[PDB]
Amino acid sequence: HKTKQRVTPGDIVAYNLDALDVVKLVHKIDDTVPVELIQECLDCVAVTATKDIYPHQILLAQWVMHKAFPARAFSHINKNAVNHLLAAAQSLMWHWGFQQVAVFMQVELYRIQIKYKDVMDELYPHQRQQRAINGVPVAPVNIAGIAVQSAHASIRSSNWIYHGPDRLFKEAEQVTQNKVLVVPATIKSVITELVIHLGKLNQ
Amino acid sequence: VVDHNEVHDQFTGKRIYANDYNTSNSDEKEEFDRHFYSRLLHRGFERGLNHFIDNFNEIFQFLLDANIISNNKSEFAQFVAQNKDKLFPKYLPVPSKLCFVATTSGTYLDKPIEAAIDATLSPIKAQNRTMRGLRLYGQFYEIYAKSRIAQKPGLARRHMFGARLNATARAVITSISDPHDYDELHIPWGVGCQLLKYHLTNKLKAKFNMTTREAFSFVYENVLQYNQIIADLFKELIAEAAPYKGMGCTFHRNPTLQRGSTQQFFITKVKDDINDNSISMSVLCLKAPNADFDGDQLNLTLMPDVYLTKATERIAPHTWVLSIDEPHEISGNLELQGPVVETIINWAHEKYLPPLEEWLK
Amino acid sequence: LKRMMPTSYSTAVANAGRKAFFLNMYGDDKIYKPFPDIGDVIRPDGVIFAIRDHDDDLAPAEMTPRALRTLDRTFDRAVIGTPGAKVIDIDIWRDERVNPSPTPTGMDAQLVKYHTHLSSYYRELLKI
Amino acid sequence: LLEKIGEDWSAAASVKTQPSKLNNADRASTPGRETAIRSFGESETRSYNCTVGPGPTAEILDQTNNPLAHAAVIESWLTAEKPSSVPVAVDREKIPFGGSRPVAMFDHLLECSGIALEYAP
């Protein structure tokens with residue numbers, strides 16, 4: 001419930017109260033977001049409140065909205081805070097056009113390729129150095145590639161059940177005979193398209 | 001006296017009653033020790049350990065023999081016969097993990113921790129080992145109530161009577177030589193910027209469109225730097241107190257013997273000079289504690305509520321005006337200082353007018 | 001009181017390795033400077049060489065040029081000193097025998113800029 | 001000019017707690033000290049028990065020894081429209097008395113001994 005990296009009690013309750021202000025948290029990142037697009041994701045917090053939280057949702061909510069909320073505060077906040085933060089991240093990824101990844105936000109459990117490497121090493125210049133062997137010092141690998149590889153391993157680990165807005169299910173192309181998700185094969189390409197966009201808003 | 005059989009069937013937790021009854025330290029000291037461990041007649045019936053022990057009756061006492069050779073107490077038999085259930089049940093509780101603190105290059109332990117011998121364990125030898133463990137239990141609890149409770153650094157006289165309160169400050173003191181009131185305190189910029197942090201966060205989230213991270217950065221950035229917005233928010237926070245002059249606070253002295261050592265004042269003005277780090281106090285309140293400007297650091301606590309500020313009215317600068325020695329006399333703490341009196345002495349006791357003979361002639 | 005003005009000399013020391021790494025203050029997005037140079041002025045806030053913890057999965061959130069410039073007052077370890085003060089001396093020690101480099105690339109320019117001069121000075125001092 | 005100028009001041013609205021709010025290390029990460037000041041000693045709480053009533057002087061210690069009351073005073077400071085002059089911060093209907101950490105520790109240490117400190121008419 002708490003970590004050994006000691007934080008002051010009293011700063012915890014401030015992040016418990018600022019995480020409920022969804023509209024100010026999404027308008028500090030991008031002010032050109034419609035209010036009904038936030039409300040359609042915000043109405044679904046009453047259904048997923050009795051469910052569990054999985055670390056791929058925490059990673060996708062910690063990556064986005066870092067300009068108005070710290071990522072390290074996610075392990076020191078309650079359930080009603082992370083539900084509103086997942087709804088805010090779902091609305092922020094729905095507005096930006098990344099509909100293939102924003103479905104996996106409010107959900108109940110049942111390296112870098114050559115196309116993006118040149119711009120991902122440009123937007124993230126700080127890379128992780130690797131150990132050489134019999135000389136020949138290899139090029140460093142990107143830490144954001146390790147992060148998106150961990151997110152891709154966390155997404156495809158198990159099957160999923162959608163608990164969210166039906167308009168988001170109708171925007172993206174997913175067929176259904178029951179309420180189970182279908183993971184596409186290009187799901188590693190869209191999240192790398194998100195982080196680069198997350199590079200383009202920050203750098 | 002608590003029924004030990006009543007506490008071990010109403011636990012409803014993990015229900016691990018067998019701690020020593022199941023383990024045998026067979027490659028279990030790496031798991032059972034660190035994860036778990038890291039009414040005792042021998043306390044009261046301990047007048048028989050001079051050079052001979054009257055408790056050599058080992059097992060199966062069936063205590064009904066009234067052979068009491070003791071001159072200190074006669075109501076001990078009434079204490080026994082009042083509640084006969086004493087060390088009868090089989091379920092004796094284990095102290096929690098919070099009572100024992102285990103790091104660094106050398107594993108440091110404390111000397112009153114001598115209760116781990118019971119965790120490491122013919123009937124005539126096992127029955128002797130149970131009472132050996134019971135005497136070790138008594139020897140542990142007596143020395144833990146003597147060395148960790150009875151001492152002045154301990155749980156009772158240091159932590160059970162309050163220590164290290166929140167929303168507090170400690171700084172040196174100056175005086176206010178101004179036209180002012182008798183209950184006014186001037187908090188400096190560096191003390192007031194950290195004592196009122198969530199108040200500034202609330203005012204910055206209400207008056208401005210800022211998150212709590214940007215508000216925390218704006219608060220912590222302008223501690224050693226003056227700016228107009230934090231000063232205006234301080235003036236607003238002072239002006240928000242409608243029936244009081246400001247925020248109610250308490251002010252202490254480190255030698256606290258008399259009534260005047262603990263007073264209640266009101267924060268009325270935050271200073272603009274960042275180099276001045278001192279709390280400026282009233283002149284008339286300097287006499288009731290023995291407080292001078294000799295480099296002494298004085299403590300201050302902030303009352304959050306209105307009910308707490310109304311309850312702290314019993315300690316006020318007007319409460320020590322009447323003396324506690326004479327029945328009808330105001331005490332000497334109301335007396336003015338040296339340079340306050342000397343100007344009135346030079347003004348009133350001056351050759352100002354001719355005498356009464358020359359005045360009517 | 002302007003003629004009675006004492007002088008205070010202070011020394012602040014920090015470490016950054018496998019546990020945690022530095023932050024990018026005192027410069028724009030085209031340079032990296034964890035500390036002011038010798039003969040520079042400290043910022044109006046007293047934060048000098050603030051330290052951020054070492055994580056891997058928070059790379060698009062924390063290891064971005066926007067977050068390296070801003071300072072979080074919580075979940076961090078800064079060093080607060082005097083706002084108006086001139087930097088007099090800088091001493092940098094370095095263990096350079098570890099085969100994995102814990103610090104990422106682009107952050108160890110100003111460190112080795114002092115470390116090479118100190119190593120050359122001590123090398124001449126041992127050579128004499 | 002002399003030694004001991006005014007620089008050893010302290011101010012802390014919230015201090016880190018023990019895994020009970022004492023910290024002693026290289027504390028130079030904040031402008032000014034952030035340590036809790038022991039303003040309430042034994043003689044101080046004795047004078048606050050005699051002059052102030054015994055009721056409201058236990059709430060000042062219960063707002064520190066209980067972390068829930070320490071969170072509740074910051075919640076009342078951050079949820080009110082006026083940060084100063086708040087009537088009630090910690091109501092005793094949701095967070096009642098009896099959740100002090102050293103008091104419960106002493107009660108547990110005396111309960112493992114086999115006795116209890118209570119009273120009855």
# chains A, B, ... in the order shown; residues from 1 in each chain; ligands from 1

$ residues_around --residues "residue A:169" --least-positions-apart "6" --cutoff "12 Å" --atoms "only C-alpha atoms" --output "MDAnalysis selection string"
chainID A and resid 41 94 99:104 161:163 175:176 179:182

$ residues_around --residues "stretch 310-314 of chain B" --least-positions-apart "6" --cutoff "7 Å" --atoms "only C-alpha atoms" --output "short mmCIF file (atom, residue, chain, number, x, y, z; two decimals) with C-alpha atoms, in the first residue's frame"
data_model
loop_
_atom_site.label_atom_id
_atom_site.label_comp_id
_atom_site.auth_asym_id
_atom_site.auth_seq_id
_atom_site.Cartn_x
_atom_site.Cartn_y
_atom_site.Cartn_z
CA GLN B 264 -2.16 32.13 22.25
CA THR D 51 -5.29 25.17 31.94
CA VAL D 52 -7.07 23.96 28.83
CA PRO D 56 -9.70 19.46 23.65
#

$ residues_around --residues "stretch 57-68 of chain A" --least-positions-apart "5" --cutoff "8 Å" --atoms "only C-alpha atoms" --output "JSON, numbers by chain"
{"A": [25, 26, 28, 29, 74, 85, 86, 89, 104, 105, 106, 151, 198], "B": [211, 213], "C": [57, 58, 60, 61, 62]}

$ interface_residues --of "chain A" --to "chain B" --cutoff "12 Å" --atoms "only C-alpha atoms" --output "VMD selection string"
chain A and resid 8 to 29 66 to 71 73

$ write_last_selection --atoms "N, CA and C atoms" --output "compact mmCIF listing (two decimals), in the first residue's frame"
# COMPACT_ATOMS: atom_id res chain seq x y z
N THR A 8 5.79 12.37 1.87
CA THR A 8 5.12 13.00 3.00
C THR A 8 3.63 12.71 2.98
N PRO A 9 3.04 12.28 4.09
CA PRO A 9 1.57 12.18 4.16
C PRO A 9 0.95 13.57 4.23
N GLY A 10 0.04 13.85 3.31
CA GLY A 10 -0.51 15.18 3.15
C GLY A 10 -0.40 15.63 1.71
N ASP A 11 0.68 15.21 1.05
CA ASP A 11 0.74 15.31 -0.40
C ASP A 11 -0.05 14.21 -1.08
N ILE A 12 -0.33 13.12 -0.37
CA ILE A 12 -1.11 12.02 -0.92
C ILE A 12 -2.56 12.43 -1.12
N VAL A 13 -3.13 13.15 -0.15
CA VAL A 13 -4.54 13.52 -0.23
C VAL A 13 -4.78 14.64 -1.23
N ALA A 14 -3.74 15.41 -1.57
CA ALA A 14 -3.88 16.43 -2.61
C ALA A 14 -4.03 15.79 -3.99
N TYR A 15 -3.28 14.73 -4.26
CA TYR A 15 -3.44 13.99 -5.50
C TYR A 15 -4.70 13.15 -5.52
N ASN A 16 -5.25 12.82 -4.34
CA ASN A 16 -6.54 12.15 -4.29
C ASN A 16 -7.68 13.09 -4.67
N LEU A 17 -7.51 14.39 -4.41
CA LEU A 17 -8.54 15.37 -4.74
C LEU A 17 -8.36 15.99 -6.12
N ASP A 18 -7.12 16.10 -6.61
CA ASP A 18 -6.93 16.66 -7.94
C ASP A 18 -7.18 15.65 -9.05
N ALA A 19 -7.16 14.35 -8.74
CA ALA A 19 -7.44 13.34 -9.75
C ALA A 19 -8.92 13.26 -10.08
N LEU A 20 -9.79 13.79 -9.23
CA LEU A 20 -11.22 13.81 -9.51
C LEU A 20 -11.62 14.97 -10.41
N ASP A 21 -10.75 15.96 -10.60
CA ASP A 21 -10.99 17.06 -11.53
C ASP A 21 -10.53 16.59 -12.91
N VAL A 22 -11.43 15.91 -13.62
CA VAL A 22 -11.07 15.28 -14.89
C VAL A 22 -10.94 16.32 -16.00
N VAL A 23 -11.84 17.31 -16.02
CA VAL A 23 -11.90 18.28 -17.11
C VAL A 23 -10.69 19.20 -17.09
N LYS A 24 -10.27 19.64 -15.90
CA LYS A 24 -9.07 20.46 -15.80
C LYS A 24 -7.81 19.65 -16.10
N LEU A 25 -7.83 18.35 -15.77
CA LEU A 25 -6.67 17.51 -16.05
C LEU A 25 -6.53 17.21 -17.54
N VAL A 26 -7.64 17.15 -18.28
CA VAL A 26 -7.54 16.92 -19.72
C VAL A 26 -7.44 18.21 -20.52
N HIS A 27 -7.82 19.35 -19.95
CA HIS A 27 -7.68 20.62 -20.65
C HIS A 27 -6.31 21.26 -20.44
N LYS A 28 -5.55 20.81 -19.44
CA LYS A 28 -4.17 21.26 -19.31
C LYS A 28 -3.26 20.62 -20.35
N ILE A 29 -3.63 19.45 -20.87
CA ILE A 29 -2.84 18.76 -21.88
C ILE A 29 -3.24 19.29 -23.25
N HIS A 66 1.32 13.38 -18.35
CA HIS A 66 2.42 13.67 -17.43
C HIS A 66 2.63 15.17 -17.26
N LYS A 67 2.09 15.99 -18.16
CA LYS A 67 2.24 17.43 -18.08
C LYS A 67 1.36 18.06 -17.00
N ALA A 68 0.39 17.31 -16.46
CA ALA A 68 -0.49 17.83 -15.42
C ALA A 68 -0.65 16.88 -14.24
N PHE A 69 -0.02 15.70 -14.27
CA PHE A 69 -0.12 14.75 -13.18
C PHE A 69 1.14 13.90 -13.17
N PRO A 70 1.78 13.72 -12.01
CA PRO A 70 3.01 12.92 -11.97
C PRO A 70 2.72 11.43 -12.12
N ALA A 71 3.64 10.73 -12.78
CA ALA A 71 3.46 9.31 -13.02
C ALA A 71 3.74 8.49 -11.76
N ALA A 73 3.00 9.17 -8.75
CA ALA A 73 1.91 9.23 -7.80
C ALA A 73 0.85 8.16 -8.03

$ closest_atom_pairs --of "chain C" --to "chain B" --cutoff "12 Å" --atoms "only C-alpha atoms" --output "JSON lines"
{"residue": "C:43", "atom": "CA", "partner": "B:221", "partner_atom": "CA", "distance": 10.3}
{"residue": "C:44", "atom": "CA", "partner": "B:225", "partner_atom": "CA", "distance": 6.8}
{"residue": "C:45", "atom": "CA", "partner": "B:221", "partner_atom": "CA", "distance": 5.5}
{"residue": "C:46", "atom": "CA", "partner": "B:224", "partner_atom": "CA", "distance": 7.7}
{"residue": "C:47", "atom": "CA", "partner": "B:221", "partner_atom": "CA", "distance": 8.9}
{"residue": "C:70", "atom": "CA", "partner": "B:217", "partner_atom": "CA", "distance": 9.3}
{"residue": "C:71", "atom": "CA", "partner": "B:217", "partner_atom": "CA", "distance": 7.7}
{"residue": "C:72", "atom": "CA", "partner": "B:217", "partner_atom": "CA", "distance": 7.1}
{"residue": "C:73", "atom": "CA", "partner": "B:217", "partner_atom": "CA", "distance": 6.4}
{"residue": "C:74", "atom": "CA", "partner": "B:213", "partner_atom": "CA", "distance": 8.8}
{"residue": "C:75", "atom": "CA", "partner": "B:213", "partner_atom": "CA", "distance": 11.3}
{"residue": "C:78", "atom": "CA", "partner": "B:220", "partner_atom": "CA", "distance": 11.7}
{"residue": "C:80", "atom": "CA", "partner": "B:224", "partner_atom": "CA", "distance": 10.1}
{"residue": "C:81", "atom": "CA", "partner": "B:224", "partner_atom": "CA", "distance": 9.7}
{"residue": "C:82", "atom": "CA", "partner": "B:224", "partner_atom": "CA", "distance": 8.3}
{"residue": "C:83", "atom": "CA", "partner": "B:224", "partner_atom": "CA", "distance": 7.3}
{"residue": "C:84", "atom": "CA", "partner": "B:224", "partner_atom": "CA", "distance": 9.9}

$ residues_around --residues "residue C:95" --least-positions-apart "3" --cutoff "12 Å" --atoms "only C-alpha atoms" --output "compact mmCIF listing (two decimals) with C-alpha atoms, in the first residue's frame"
# COMPACT_ATOMS: atom_id res chain seq x y z
CA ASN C 15 25.91 11.15 -5.96
CA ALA C 16 24.26 9.71 -9.08
CA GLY C 17 24.78 6.14 -10.28
CA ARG C 18 22.83 2.91 -10.67
CA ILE C 92 34.14 15.37 -9.23
CA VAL C 98 32.21 -0.82 -14.19
CA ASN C 99 31.42 -2.52 -17.49
CA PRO C 100 27.72 -1.35 -17.57
CA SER C 101 27.31 2.43 -17.78
CA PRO C 102 24.35 3.32 -15.52
CA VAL C 112 33.94 14.44 -17.81
CA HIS C 115 37.04 14.82 -14.57

$ closest_residue --among "B:61, B:268, B:277, B:337" --to "chain D" --atoms "only C-alpha atoms"
B:277

$ residues_around --residues "residue C:89" --least-positions-apart "6" --cutoff "12 Å" --atoms "only C-alpha atoms" --output "PyMOL selection string"
chain C and resi 9-13+35-40+114

$ write_last_selection --atoms "C-alpha atoms" --output "compact mmCIF listing (two decimals), in the first residue's frame"
# COMPACT_ATOMS: atom_id res chain seq x y z
CA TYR C 9 31.22 29.56 2.07
CA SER C 10 29.14 26.40 1.67
CA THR C 11 29.66 22.99 0.07
CA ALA C 12 26.96 20.72 -1.38
CA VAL C 13 27.71 17.11 -2.37
CA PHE C 35 25.28 21.94 -12.18
CA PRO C 36 26.47 25.51 -12.82
CA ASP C 37 30.01 26.05 -14.04
CA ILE C 38 32.86 27.56 -12.03
CA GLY C 39 32.12 31.27 -11.82
CA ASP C 40 28.38 31.04 -12.52
CA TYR C 114 35.99 18.45 -15.07

$ select_by_dssp --residues "stretch 16-190 of chain A" --states "alpha helix (DSSP H)" --output "PyMOL selection string"
chain A and resi 16-18+22-27+35-42+55-63+79-95+117-123+143-155+166-171+187-190

$ atom_distance --atom1 "atom CA of residue B:160" --atom2 "atom CA of residue B:102"
22.9 Å

$ interface_residues --of "chain D" --to "chain A" --cutoff "8 Å" --atoms "only C-alpha atoms" --output "PyMOL selection string"
chain D and resi 14-17+67+70-71+74-75+78

$ write_last_selection --atoms "N, CA and C atoms" --output "mmCIF file, in the first residue's frame"
data_model
loop_
_atom_site.group_PDB
_atom_site.id
_atom_site.type_symbol
_atom_site.label_atom_id
_atom_site.label_comp_id
_atom_site.auth_asym_id
_atom_site.auth_seq_id
_atom_site.Cartn_x
_atom_site.Cartn_y
_atom_site.Cartn_z
ATOM 1 N N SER D 14 3.698 19.369 7.037
ATOM 2 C CA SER D 14 3.589 17.918 6.979
ATOM 3 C C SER D 14 4.987 17.322 6.968
ATOM 4 N N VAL D 15 5.197 16.295 7.787
ATOM 5 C CA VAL D 15 6.492 15.642 7.919
ATOM 6 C C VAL D 15 6.298 14.155 7.633
ATOM 7 N N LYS D 16 7.344 13.517 7.106
ATOM 8 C CA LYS D 16 7.311 12.085 6.841
ATOM 9 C C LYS D 16 7.215 11.294 8.142
ATOM 10 N N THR D 17 6.647 10.096 8.046
ATOM 11 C CA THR D 17 6.353 9.273 9.208
ATOM 12 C C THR D 17 7.265 8.054 9.256
ATOM 13 N N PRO D 67 -2.467 8.922 11.821
ATOM 14 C CA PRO D 67 -2.271 9.429 10.453
ATOM 15 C C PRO D 67 -3.571 9.739 9.730
ATOM 16 N N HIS D 70 -4.333 13.254 10.521
ATOM 17 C CA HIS D 70 -3.377 14.084 9.799
ATOM 18 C C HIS D 70 -3.727 14.183 8.320
ATOM 19 N N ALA D 71 -4.339 13.143 7.751
ATOM 20 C CA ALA D 71 -4.863 13.261 6.395
ATOM 21 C C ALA D 71 -6.158 14.062 6.358
ATOM 22 N N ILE D 74 -5.655 17.939 6.314
ATOM 23 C CA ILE D 74 -5.267 18.440 4.999
ATOM 24 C C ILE D 74 -6.431 18.335 4.021
ATOM 25 N N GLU D 75 -7.277 17.307 4.165
ATOM 26 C CA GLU D 75 -8.483 17.221 3.344
ATOM 27 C C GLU D 75 -9.463 18.348 3.655
ATOM 28 N N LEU D 78 -8.047 21.495 2.115
ATOM 29 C CA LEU D 78 -8.060 21.508 0.658
ATOM 30 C C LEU D 78 -9.455 21.392 0.053
#

$ interface_residues --of "chain A" --to "chain C" --cutoff "6 Å" --atoms "only C-alpha atoms" --output "number ranges by chain"
A: 63, 66, 126-128, 131, 144, 147, 202-203

$ closest_residue --among "D:73, D:115, D:120, D:109" --to "residue D:60" --atoms "only C-alpha atoms"
D:73

$ interface_residues --of "chain D" --to "chain C" --cutoff "8 Å" --atoms "only C-alpha atoms" --output "ChimeraX atom specification"
/D:1,28-31

$ residues_around --residues "residue B:39" --least-positions-apart "5" --cutoff "7 Å" --atoms "only C-alpha atoms" --output "ChimeraX atom specification"
/B:86-87 /D:113-114

$ select_by_dssp --residues "chain C" --states "strand (DSSP E)" --output "PyMOL selection string"
chain C and resi 20-21+52-53

$ interface_residues --of "chain B" --to "chain D" --cutoff "6 Å" --atoms "only C-alpha atoms" --output "PyMOL selection string"
chain B and resi 1-2+39+93+160+162-167+169-171+191+194-195+199+202+241+277+299+305-306+314

$ write_last_selection --atoms "N, CA, C and O atoms" --output "tab-separated table (two decimals), in the first residue's frame"
chain	number	residue	atom	x	y	z
B	1	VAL	N	-6.88	-7.95	33.90
B	1	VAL	CA	-6.94	-9.38	33.62
B	1	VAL	C	-7.85	-9.63	32.42
B	1	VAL	O	-9.03	-9.30	32.45
B	2	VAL	N	-7.29	-10.21	31.36
B	2	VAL	CA	-8.02	-10.51	30.14
B	2	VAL	C	-8.02	-12.03	29.94
B	2	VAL	O	-7.04	-12.71	30.27
B	39	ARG	N	-1.63	-15.71	32.29
B	39	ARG	CA	-1.43	-14.30	32.61
B	39	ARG	C	-0.17	-14.09	33.45
B	39	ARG	O	-0.05	-13.07	34.13
B	93	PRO	N	-0.44	-15.52	23.69
B	93	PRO	CA	-0.22	-14.75	22.47
B	93	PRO	C	1.24	-14.39	22.26
B	93	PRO	O	2.05	-14.33	23.19
B	160	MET	N	3.60	8.55	24.60
B	160	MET	CA	2.21	8.51	25.03
B	160	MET	C	1.70	9.87	25.49
B	160	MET	O	0.49	10.07	25.57
B	162	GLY	N	2.58	12.76	23.88
B	162	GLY	CA	2.72	13.67	22.76
B	162	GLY	C	4.15	14.08	22.46
B	162	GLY	O	4.90	14.44	23.37
B	163	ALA	N	4.52	14.04	21.18
B	163	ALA	CA	5.83	14.47	20.71
B	163	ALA	C	5.76	14.71	19.21
B	163	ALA	O	5.07	13.98	18.50
B	164	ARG	N	6.49	15.74	18.75
B	164	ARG	CA	6.72	16.05	17.34
B	164	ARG	C	5.42	16.30	16.58
B	164	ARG	O	5.05	15.57	15.66
B	165	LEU	N	4.72	17.36	16.99
B	165	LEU	CA	3.44	17.69	16.38
B	165	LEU	C	3.63	18.29	14.99
B	165	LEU	O	4.72	18.76	14.63
B	166	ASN	N	2.56	18.27	14.21
B	166	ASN	CA	2.56	18.83	12.87
B	166	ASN	C	2.08	20.28	12.90
B	166	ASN	O	1.53	20.76	13.90
B	167	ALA	N	2.28	20.96	11.76
B	167	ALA	CA	1.94	22.38	11.55
B	167	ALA	C	2.58	23.27	12.61
B	167	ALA	O	1.94	24.13	13.22
B	169	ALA	N	6.44	25.31	14.10
B	169	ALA	CA	7.60	26.08	13.70
B	169	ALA	C	8.43	26.38	14.94
B	169	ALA	O	7.96	26.28	16.08
B	170	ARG	N	9.68	26.77	14.71
B	170	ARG	CA	10.61	27.07	15.80
B	170	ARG	C	11.61	28.10	15.30
B	170	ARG	O	12.36	27.82	14.36
B	171	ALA	N	11.62	29.27	15.92
B	171	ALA	CA	12.47	30.36	15.45
B	171	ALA	C	12.79	31.31	16.60
B	171	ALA	O	12.15	31.29	17.65
B	191	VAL	N	9.22	31.15	7.01
B	191	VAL	CA	8.42	30.32	7.90
B	191	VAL	C	6.97	30.25	7.42
B	191	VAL	O	6.36	29.18	7.40
B	194	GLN	N	6.21	27.92	4.27
B	194	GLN	CA	6.16	26.48	4.49
B	194	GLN	C	5.12	26.06	5.52
B	194	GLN	O	4.63	24.93	5.47
B	195	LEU	N	4.77	26.95	6.46
B	195	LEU	CA	3.72	26.64	7.42
B	195	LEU	C	2.34	26.67	6.77
B	195	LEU	O	1.45	25.93	7.18
B	199	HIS	N	-2.83	25.79	2.31
B	199	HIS	CA	-3.66	26.98	2.20
B	199	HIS	C	-3.33	27.75	0.92
B	199	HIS	O	-4.24	28.19	0.20
B	202	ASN	N	-4.71	25.71	-1.97
B	202	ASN	CA	-6.14	25.93	-2.13
B	202	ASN	C	-6.42	27.28	-2.77
B	202	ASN	O	-7.28	27.39	-3.66
B	241	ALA	N	-10.21	35.61	8.09
B	241	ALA	CA	-10.69	35.43	9.46
B	241	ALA	C	-11.61	36.58	9.82
B	241	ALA	O	-11.16	37.69	10.11
B	277	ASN	N	14.61	36.41	9.44
B	277	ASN	CA	14.04	35.12	9.85
B	277	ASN	C	13.89	35.14	11.36
B	277	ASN	O	14.76	34.65	12.10
B	299	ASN	N	9.11	27.93	20.21
B	299	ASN	CA	8.23	27.06	19.43
B	299	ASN	C	6.84	27.67	19.24
B	299	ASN	O	6.34	28.44	20.07
B	305	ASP	N	-8.60	24.74	13.58
B	305	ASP	CA	-10.05	24.85	13.63
B	305	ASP	C	-10.50	26.10	14.39
B	305	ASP	O	-9.71	26.80	15.02
B	306	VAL	N	-11.80	26.36	14.31
B	306	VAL	CA	-12.43	27.42	15.09
B	306	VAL	C	-12.76	26.93	16.50
B	306	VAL	O	-12.61	27.67	17.47
B	314	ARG	N	-8.47	29.66	26.94
B	314	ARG	CA	-8.14	29.57	28.36
B	314	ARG	C	-6.70	29.97	28.65
B	314	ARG	O	-6.39	30.36	29.78

$ residues_around --residues "stretch 232-238 of chain B" --least-positions-apart "6" --cutoff "10 Å" --atoms "only C-alpha atoms" --output "count of residues only"
22

$ atom_distance --atom1 "atom CA of residue B:36" --atom2 "atom CA of residue B:140"
18.6 Å

$ closest_residue --among "B:283, B:67, B:125, B:273" --to "residue B:338" --atoms "only C-alpha atoms"
B:283

$ decode --residues "stretch 87-98 of chain C" --atoms "C-alpha atoms" --output "JSON list (two decimals), in the first residue's frame"
[["chain", "number", "residue", "atom", "x", "y", "z"],
["C", 87, "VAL", "CA", 30.18, 29.06, -7.62],
["C", 88, "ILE", "CA", 33.82, 28.86, -6.51],
["C", 89, "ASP", "CA", 34.97, 25.23, -6.66],
["C", 90, "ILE", "CA", 33.86, 21.94, -8.24],
["C", 91, "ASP", "CA", 35.26, 18.49, -7.36],
["C", 92, "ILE", "CA", 34.14, 15.37, -9.23],
["C", 93, "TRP", "CA", 35.09, 11.79, -8.34],
["C", 94, "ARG", "CA", 34.27, 8.90, -10.66],
["C", 95, "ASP", "CA", 34.42, 5.11, -10.59],
["C", 96, "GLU", "CA", 35.32, 4.14, -14.17],
["C", 97, "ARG", "CA", 35.82, 0.39, -13.82],
["C", 98, "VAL", "CA", 32.21, -0.82, -14.19]]
